[PDB]
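> all I have is the shape, not the residue letters:
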Ligand SMILES: [Zn+2]
Ligand SMILES: [Zn+2]
């Protein structure tokens, strides 16, 4: 995660192990620029995800006519005008929880009960 | 995103008599040039009247 | 050989609509503070747009493995876009969708007359287009042809013959040897 690019080379910095100072540096297999490892974690794989559950929530989601309105009150705004929609993770196993969006604070909440 | 949908009528088009003649007439027009050119060539090839 | 002349002028790029573009193929910059305006020569008081203030790595240059006469004139200081005043502008900018080409002049004549020239009209060429002897004197010239240029082709000899074709070609065939192929061919050498 969090790729790093070079400068004056701009390619992406692979990690090159420093054993002597004994830490991780990021090389640049084209121009020899280097720097540290801002964190020893290198790679993630992320089988079961929980992102895209709010894909493209723009400040205009309130301006889309086709989205179903709903009346519940935002925990923050305590306003009762909010559009909502299922989780945008277009995949089969996906749950059927609801993401609301208050038209006032643009705060996102959920209809959940298992985990908020 | 979901895979694409191939039957979505938004992505179809209907060729009416306009297009269908166009596609047809266009090729028939090349063939007319090509021949004209060939004749135009071959007559100049032999400086025929 | 290229020359960085000064390259320090604060050139200001402007994007403009077409009606402006056509008009440009004087001014009065009436900037005001940052609501920058400007007066154009008559026309309107079209203001400048702070379309892009900061503009780096962008410079103007002109010219006159082939080289040429390069000159680096000025640097972009800031990019602008035209602010069209808007009364007639929108009145014509919206009306920019009010043009097209013509339909077909479906030939108003009677049908009979027009086809007359198509068939056998028995007329043509109205548009000019793709319309397209002494054996002594012969030998004296043949010896001259042999002497002046042993590589004497028949055409160079026949044109130089300027006489009946018999005397030049036949009488000279004895003391002159003509090759058929190779460089010195057809040469009365
Ligand atoms: Zn680099
Ligand atoms: Zn709210």
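Everything's here; your move. Residues are numbered from 1 along each chain as shown, chains lettered A, B, ... in the order given. Ligands and ions are numbered 1, 2, ... in the order given.
> pick out the residue of chain A closest to ligand 1.
Nearest to ligand 1, among the residues of chain A, is residue A:9, at 1.7 Å (C-beta to the ion). Any C-beta I mention is one placed from the backbone N, CA and C, and that applies to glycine too.
> before we go further, residue B:10 is sitting in a strand, right?
No: counting by DSSP: H, G, I helix; E, B strand; the rest coil, residue B:10 falls outside a strand, being helix.
> you'd agree the residue of chain A closest to ligand 1 is up against residue A:29?
No: taking contacts as C-beta atoms under 8 Å, residue A:9 lies outside contact range of residue A:29: 9.4 Å.
> the residue positioned nearest the centre of chain A sits in which helix or strand?
Centrality entry for chain A: nearest residue to the mean C-alpha point is residue A:51, 5.7 Å, by C-alpha atoms, centre = their mean. Per DSSP states H and E: residue A:51 is located in neither a helix nor a strand.
> what does the helix or strand hosting residue C:93 contact?
Using DSSP H and E, residue C:93 falls within helix C:86-93. By C-beta atoms under 8 Å, 6 or more residues apart in numbering or on different chains, the surrounding residues in contact with helix C:86-93 are C:17, C:19, C:84.
> just the buried residues out of these, in ChimeraX syntax.
Buried residues within the contacts of helix C:86-93, by 16 or more other C-beta atoms under 10 Å in any protein chain shown, are selected in ChimeraX with:
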select /C:84
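> of the contacts of helix C:86-93, which is the nearest to residue C:186?
Ranked by distance to residue C:186 (C-beta to C-beta), those are led by residue C:19 at 71.8 Å.
> how about the residues of chain C by chain B?
Contact residues, chain C versus chain B (C-beta under 8 Å from any C-beta of the partner chain): C:130-132.
> all strands of chain A, in order?
Assigned by DSSP state E, chain A shows strands spanning A:15-18, A:23-26, A:69-70, A:82-86, A:98-102, A:108-110.
> of those strands, which is nearest residue C:115?
strand A:82-86 (68.2 Å).
> hmm, that closest one touching chain B?
No: remark: strand A:82-86 sits outside contact range of chain B, by C-beta under 8 Å from any C-beta, the gap being at least 12.7 Å.
> what sits up against that strand?
A:61-62, A:64, A:67-72, A:74, A:94, A:96-103, A:111.
> so how far is that strand off the chain centroid?
Remark: strand A:82-86 is offset 19 Å from the chain centroid, using C-alpha atoms, centre = their mean, to the nearest Å.
> what ranges does chain C have for its helices?
Assigned by DSSP state H, the helices in chain C fall at C:18-22, C:86-93, C:111-116, C:135-148, C:154-161, C:165-166.
> possible to save the ones you listed as JSON lines with distance to residue C:46?
Shown next, in JSON lines, are the helices of chain C (distance: least, C-beta to C-beta, whole Å):
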{"stretch": "helix C:18-22", "distance to residue C:46": "8"}
{"stretch": "helix C:86-93", "distance to residue C:46": "9"}
{"stretch": "helix C:111-116", "distance to residue C:46": "54"}
{"stretch": "helix C:135-148", "distance to residue C:46": "82"}
{"stretch": "helix C:154-161", "distance to residue C:46": "75"}
{"stretch": "helix C:165-166", "distance to residue C:46": "85"}
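> please report how far the residue located most distally from the centre of chain A lies from chain C.
For chain A, the residue at maximal distance from the C-alpha centroid (C-alpha atoms, centre = their mean) is residue A:20, at 36.2 Å. For residue A:20, the distance to chain C (C-beta to the nearest C-beta, to the nearest Å) stands at 39 Å.
> how near is residue B:9 to chain C?
Taking C-beta to the nearest C-beta, one finds residue B:9 at 29 Å from chain C.
> please name the residues that touch residue C:55.
C:13, C:75-79.
> oops, could you answer that again for residue A:90 instead?
Residues in contact with residue A:90 (C-beta under 8 Å, 6+ apart) are B:1-2.
> try residue B:19
If you count contacts by C-beta under 8 Å, 6+ apart, residue B:19 has none.
> and what of the one 10 residues further on?
Applying C-beta under 8 Å, 6+ apart to residue B:29 gives no contacts.
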